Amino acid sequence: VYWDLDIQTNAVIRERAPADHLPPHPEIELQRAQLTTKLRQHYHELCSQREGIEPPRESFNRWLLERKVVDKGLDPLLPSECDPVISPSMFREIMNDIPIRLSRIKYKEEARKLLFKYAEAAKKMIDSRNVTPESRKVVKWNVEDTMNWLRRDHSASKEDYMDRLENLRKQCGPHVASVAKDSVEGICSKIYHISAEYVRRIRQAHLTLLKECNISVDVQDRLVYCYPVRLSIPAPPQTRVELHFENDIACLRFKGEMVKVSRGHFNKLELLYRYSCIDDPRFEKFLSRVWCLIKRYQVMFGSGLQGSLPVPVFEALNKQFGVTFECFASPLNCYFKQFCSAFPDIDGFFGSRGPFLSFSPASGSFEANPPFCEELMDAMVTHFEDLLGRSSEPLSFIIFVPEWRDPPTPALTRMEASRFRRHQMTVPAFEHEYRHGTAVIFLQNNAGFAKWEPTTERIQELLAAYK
């Protein structure tokens, strides 16, 4: 019991026309996977060649999320038409690992080595690259001073080695960043432009496949309860996908390419499909779409960027606050059968109402636990407040985000200043679920505060769901 797919939605939206996404097909999903692998390899080579570092961990996945906040292009996963070209997310993260990535340390001798590795790398940067005479002398001085200190006979403690490195980095940081800035911007641009070329190839291959199937590629303000995203383009025929089970693992094979998912999740996807898909009454296309679904989420992750809430917390949210809907989810991790997700082209067959920024409820009770992408969280807040002020009908959002204070993130700062905030608290931090600290913000309008008020009792039952 990791989900409850019997709960009915209370989200109300304007009736919307079916979406224009090209319907998914394993041939196209496999090509997207192969090209995304190549794109990750291009990113690895650029970081190595231009800055002598590994790609910052999780930065490519966070780049996919930031780019989709502004992407206007045609791929459901890779970006291709973004303003601005340079991602502030990828830029931030690469710069933080220049001239080296600071790693975790346990031992006095590991802190000593890291302080030395940093000083050596900063020197090599100054010796080999274009730098102003002002920046050159500041770095060179700090580096020689650190080497003179390490040259002393009597040794210091682990915390002194760590403090020394912190201070050296505060001093050299700005100078090192000015030396690498144009180079790092060039990595951000180049990987964006390679992505755009891959998107164009995938798009042409997908259009050709529909033409081969003789499939052609070319509404009210009435309120309705929400429903899954529908595609206007007819889906292509099922392809041959084979299924067998192996120690409670579902194994789906398309043309020699295997994907795996647990039996429990497979059975859940079968139920979501029954509740959500309207074009496949004999399940002819079901295994083709499950194969696409698993492959797409494997490609997205590349096999630390998001948390999940315990089941009893979702139970409390539904019982105490009438929550029926997840603003950020996937068919694999959702608790409810209605949710928003990143990939409407494939997730709609399993209950997705599409990406959250494109979803406009006039009323309902919602939970939101976004991935750890600062730009997405900030757009999420802008969207919240736009919806809360466009509707007088009961509307509530209970939001879970990490308590980032050093520095604060704009989303959390803006939510705390919101005229819609009814309550805020701190709950246990996100832990790994088997299926810092967490800020919980209640944003409601007048009618939402009236219907689902955060009273003392209801707050206690929610807190009890962790205990």
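Numbering starts at 1 and runs along the sequence shown.
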Compared with other deposited entries of this protein, is residue 303 missing coordinates in at least a third of those that cover its neighbours?
no
Check whether residue 218 has no coordinates in at least a third of the other compared PDB entries of this protein, counting only entries that model residues on both sides of it.
yes
Is there a break between residue 218 and residue 219, and how many deposited residues does it span: none, 1 to 3, 4 to 9, or 10 or more?
4 to 9
Enter the number of deposited residues without atomic coordinates between residue 435 and residue 436, binned as none, 1 to 3, 4 to 9, or 10 or more.
10 or more
Between 114-122 and 349-357, name whichever shows the higher mean Cα B factor according to the PDB entry.
114-122
Tell me which stretch, 225-233 or 160-168, has the higher mean Cα B-factor listed in the entry.
160-168
Report the option among 101, 104, 72, 296 whose CA atom has the maximum B-factor in the deposited record.
104
Comparing recorded Cα B-factors across 41, 424, 31, 59, which one is largest?
424
Chain-relative C-alpha B factor for residue 306 (record values, thirds): the highest
Which third, lowest, middle or highest, does the CA B-factor of residue 418 fall in along this chain?
highest
Per the entry's values, where does residue 67 land by CA temperature factor relative to the rest of its chain, in the lowest, middle or highest third?
lowest
Looking at the C-alpha B-factor of residue 388, is it in the lowest, middle or highest third of its chain?
highest
So where's residue 429 on the chain's Cα temperature factor ranking, which third?
highest
